[PDB]
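Coming up are structure 1 and structure 2: the same protein chain in two forms, each one given alone as C-alpha cells.
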Structure 1
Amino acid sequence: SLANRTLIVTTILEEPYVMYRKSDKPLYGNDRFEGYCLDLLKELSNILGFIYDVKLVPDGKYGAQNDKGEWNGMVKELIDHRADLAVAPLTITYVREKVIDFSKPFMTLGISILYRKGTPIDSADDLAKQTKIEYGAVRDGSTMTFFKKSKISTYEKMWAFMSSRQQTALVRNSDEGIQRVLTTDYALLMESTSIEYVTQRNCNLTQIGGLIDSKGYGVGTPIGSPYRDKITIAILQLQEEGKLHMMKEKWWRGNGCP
C-alpha cells in the first residue's frame, strides 16, 4: 500500500546499476533489465508495496541545466511529473536538491584515482608533485568540476596541470579514460564506485589512495513527494538487514585477483 496505480520509474543504462538483460528469447517490460538498481527497486517494492514500470529517460541524461535554468534528463522527468521515482546512480547535489527530492543515500562514495598496480604512487599529492605520470578526468564531468572549483592547495595544483594539457590530460568520455589508463602511463580521477567495479575485472589496475570528496546516490522523487521519506526508511531497513552490502557484493565481485 503506497498508491492505487503503477508507479513510473525513470532510469538510465549504467553498468552494473541498470543493464540490458541477456536472453535467448525476447523479453518485455521490466524483465528487460537487471542490475543493482533493479534489485534495489524490487526490494523497495517488496517493503513499500508498490507495482512499477521502468522507463529509460528519453534523452539518456542524468540531469543538468542550461544558462536559462532548463533542466534535462531524469531530474527533468521528475520536475515535470512524468516519473514518480528515479532509481539510478543519481548523485545527491546541492543544485538538484533545490528542484527535486532525494531519499537518503543508498550508496556513499567519492572521487578517487584509477592507476596501474605496484607503483610508488599512494595519493593525489604524489601525482601533484610530479609530471612524468599524466592524470586527468572526463572533460566537463562531475570529477573535472570538483577540481576546477577547489580551493585546496593540492587540488588547485592538480587542476593547473589538468588545464594546461586540455587535450593530453582530459578525456572526451569515460571509455577513452579507461583505454588511456590501460594504454599509457595515465591516472584517471573518477567515481570510486566505478573504480571498484573496474579493479575487480582488471587485475593490473588499482585504486590509489582514499576518497578525495564525499557524495552519495539517492532515489530521486518530485519535490514534495510522500514516497521520499518512505523510501528513506526502506533504504535504512535494507542497510540494517545487510542487504545493501549483499547487493553491492553481488554486482561488484569479480572472480579474483592474486
Structure 2
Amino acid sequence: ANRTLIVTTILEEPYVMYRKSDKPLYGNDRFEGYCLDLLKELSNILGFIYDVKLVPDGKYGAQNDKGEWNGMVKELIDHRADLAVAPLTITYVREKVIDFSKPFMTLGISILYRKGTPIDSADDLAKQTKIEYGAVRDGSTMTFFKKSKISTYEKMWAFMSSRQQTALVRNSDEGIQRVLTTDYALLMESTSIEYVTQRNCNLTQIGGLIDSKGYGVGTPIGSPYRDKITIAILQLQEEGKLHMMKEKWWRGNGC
C-alpha cells in the first residue's frame, strides 16, 4: 500500500471544524466541514489515503522581516505536509515558495460591519477614526493592506498598524466578537462574510469586493500532485459538486 499523504489545515468555520459527537471520534473523523468534504472527494478521484494534521503554530502563513515563512506555507516548504487543504488564499508572494492548484473557491476582501449606518465603503472607513477597523493579524487580508499602494488602503493600513493592539485581531472569531461587542468593522474575505451574515441578520457586507482571488490546495514547489489536484477540482466543478459543497456548509447546515 502506497504512502499516506500528510494534509495540513487550520480550524476555520465552515471550512474545518471539530465534529461534535456523543461517541468518541479518532483521527480524521474528528474534523468536518467544507475542506474535509473536498479532501474526501479529491481522495476518491485521485485514489490516495490521508492523515489530517493541524498547522502546529495555528497560522495561515506570513513572512517575517527576515523573509522567513511560518504557518501552513512553512509546513509545505519544509516537506512536513504533502498538501495544504484549507481556505488558503493564492497570492503572488506565496506562489514564489509553494505551488497551488487552480482555485476551488473564489473570494474577495470586503468589510463586515453592522447594518443601518452611513458606512458604504472602505473610503467611508478611511476618512474617519471613531469606528475602529482592522483585520486578522498576519493573514493575506492584513498583508494586502500592508503592501497596498492605493491611497485609501495606505491610509487604512496607517490606521490599523498604528492602532494595532486593538485594531488587529487574533482570528476570525475574535474579529466577529469585536464587530458584535464594539463599534468595529472587520476586513474579511467575502466567503467568511457570507457565512456570518447568513447567521446574524444585523450584520452585512459593506461595499463591494476590494480584490479578486481564490483559495487553492497548496503543495511543496514541484509536487507532481499539484496538477492532479487541479484536474480533480475541475472534475468536481463539472459535476456541480463544488456548488453543492458550498450550499451544504453555508446555508444548511446549520449553523
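Counting starts at 1 and follows the sequence of structure 1. Between two forms, the rigid core is defined as the largest C-alpha subset superposing within 1.5 Å.
Once both forms are fitted on their rigid core, the CA atom of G177 lies 2 Å or more apart between structures 1 and 2. With the core held fixed, the Cα of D80 is displaced between structures 1 and 2 by less than 2 Å. Relative to the larger rigid part, the smaller one is rotated between structures 1 and 2 by 20°, as taken from C-alpha superpositions. In the core-superposed comparison between structures 1 and 2, the CA atom of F146 travels 3.5 Å. When the rigid core is fitted, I133 shows a C-alpha shift of 7.3 Å between structures 1 and 2.
The two forms, fitted on their core, place the C-alpha of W252 0.1 Å apart, compared between structures 1 and 2.
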